[PDB]
Amino acid sequence: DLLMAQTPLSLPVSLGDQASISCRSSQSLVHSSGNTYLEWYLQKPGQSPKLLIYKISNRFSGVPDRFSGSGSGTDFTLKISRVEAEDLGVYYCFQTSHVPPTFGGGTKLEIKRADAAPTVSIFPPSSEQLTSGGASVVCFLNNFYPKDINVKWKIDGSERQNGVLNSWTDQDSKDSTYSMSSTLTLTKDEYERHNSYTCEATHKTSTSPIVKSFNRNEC
Amino acid sequence: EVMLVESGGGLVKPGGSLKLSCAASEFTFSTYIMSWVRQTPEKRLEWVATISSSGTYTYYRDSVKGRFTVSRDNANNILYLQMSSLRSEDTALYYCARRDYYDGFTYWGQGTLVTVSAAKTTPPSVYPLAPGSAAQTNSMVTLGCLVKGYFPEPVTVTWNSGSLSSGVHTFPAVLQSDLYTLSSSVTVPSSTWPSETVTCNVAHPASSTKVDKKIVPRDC
Ligand SMILES: O=C(O)CCCC(=O)OC[C@@H](NC(=O)C(Cl)Cl)[C@H](OP(=O)(O)Cc1ccc(NC(=O)C(F)(F)F)cc1)c1ccc([N+](=O)[O-])cc1
């Protein structure tokens, strides 16, 4: 029934610039009291959510004065005025003017830093994993920006799309980069029928793929 | 500081019951409205339940009504959430929060994980990830640990018992076929490996396992 819609899903912003986040409810958040119980929470990577703003615009104790809240009726905005690295995470609006209390779906604040290309490392299956009858081929792509990246695997030249799972860390507050793992999971038997394994990373930082490769028979 | 510590989350079969608890300290617990809020595996936040300071009034999200009961022990400063007829939608991290009336969820615990599934608890297999022969870069070597085939979440990964912190990335687990897998990477100077040991320590509290995998050069 009552929806809390946030835009955008993701918001890149430079340190020092102002970020603005919107929360639009489907009905008026004016409670029967005449007050409006719209709150804003931030979730830092690996942390619990924490309160920023209550009653539209009031800051919780200890919240930096750079965070501010505004709006009325159905439209609310959280502004962060001179963004710092530690401000990254997911920001959620929340309403308790009308049962049932409801959160927004969240907006990621992303720190916009200089483009950085990934450092790519490839890893054959370990001897012990093979000893157990499985085979995962692992590629790490570390310390890159922006987040968007496509990883192609090739096995003896045949592009391979099935068996490949990609996982990303949250953005690192220390350097504003992302890292990702791309894992190709095969049966030992399939793995042992092929010799050349390659993970290829296409990122806007280069025209050419960053390719890391091994031959099953080398080392 | 005000503190809130959840207990009791873990793996429960569909249709089952579990009761979470939350120990409160450093504030007058019995003065305050208290709440449970959950975060789904996809990171959506859902309010679950609220209980008034005295316990007289209780409130629930529609999807949990009749199945969950929020309660509190004001003598011993504990908030509870009894859960029954558990379903897969109920899989989430459960936070207890202090609710300062209309001034917000001011304090939150770290959360306790609940997993509703028919699958069996399975400890991880931990596999080393060491570089090829010669292609070990040779000034900065990246190593890793593949943590494969465990259930339920979570696992804790450290390197050299936490001593090795810098240059570490531990990737979120992905669930497939009722088993989770994750990897962790660490980059270290050549002077430090393999001539000094690098070990990934992997803890899986659900199976009470704790495994320390040393990364050693490939036999080549
Ligand atoms: O309970 C009474 O006193 C009689 C009922 C009407 C009343 O005067 O109080 C309504 C008020 N309830 C209470 O204060 C009880 Cl906790 Cl004693 C109210 O209840 P209602 O307006 O009847 C329905 C309602 C239910 C849940 C919430 N919000 C939450 O539970 C929140 F998500 F915010 F935590 C808000 C309103 C309300 C206000 C604030 C909060 N809260 O969590 O901060 C909860 C409840």
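Each reported figure results from applying straightforward, stated rules to the coordinates on display, with no laboratory input. All Cβ positions, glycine included, derive from the backbone under ideal geometry; neighbour counts span all protein chains shown.
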(request) Can you put A:87, A:17 in order of Cβ neighbours within 10 angstrom, beginning with the fewest? (result) A:17, A:87
(request) Report the extension gain between residue B:134 and residue B:203 in nm, rounded to one decimal, defined as 0.36 nm multiplied by the number of residues separating them, less their alpha carbon distance. (result) 21.6 nm
(message) Counting other C-beta atoms within 10 Å, and keeping those with at most 11, which DSSP coil GluC sites (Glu not before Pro) do you find in region B:7-52?
(response) B:26, B:42
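Suppose we flag chymotrypsin sites (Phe, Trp or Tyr not before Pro) only when DSSP calls them loop and at most 16 other Cβ atoms lie within 10 Å. Which is the longest uninterrupted stretch of chain B?
Details: sites that count: B:27, B:57.
The longest such stretch corresponds to B:58-220.
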(request) Sketch the reach of a paramagnetic label on residue A:131 as a point 7 Å from Cα along Cα-to-Cβ, and name the residues of region B:133-147 whose backbone nitrogen lies under 18 Å away. (result) B:144-147
(message) I need the phi-derived Karplus couplings for region B:72-78: 6.51 cos²θ - 1.76 cosθ + 1.60, θ = phi - 60°, integer Hz, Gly and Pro marked x.
(response) 8, 10, 6, 6, 10, 6, 10
(message) Using amide H atoms built in the peptide plane, which far-off residues or other-chain residues are under 5 Å from residue B:159 H to H?
(response) B:164, B:201
(request) Take a quick pass over chain A and tell me how many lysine pairs come in under 14 angstrom between Cα atoms, counting only ones 8 or more apart or on separate chains. (result) 9
(message) Please report the spacing between the Cα centers of region B:1-62 and region A:93-130 in Å, no decimals.
(response) 25 Å
(request) State the answer as a single residue: which of B:157, A:6, A:177 lies farthest towards the positive end of the charge dipole of the protein assembly as shown, with beta carbon charges of +1 for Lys and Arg and -1 for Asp and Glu, about the Cα centre. (result) A:6
(message) Calculate the FRET efficiency for residue B:5 and residue A:66 from the Cβ-Cβ distance with a Förster distance of 30 Å, rounded to the nearest 0.05.
(response) 0.45
(request) Could you please report the charge total around residue B:47, scoring K, R as +1 and D, E as -1 over all other residues with beta-carbon less than 12 angstrom from its beta-carbon? (result) +1
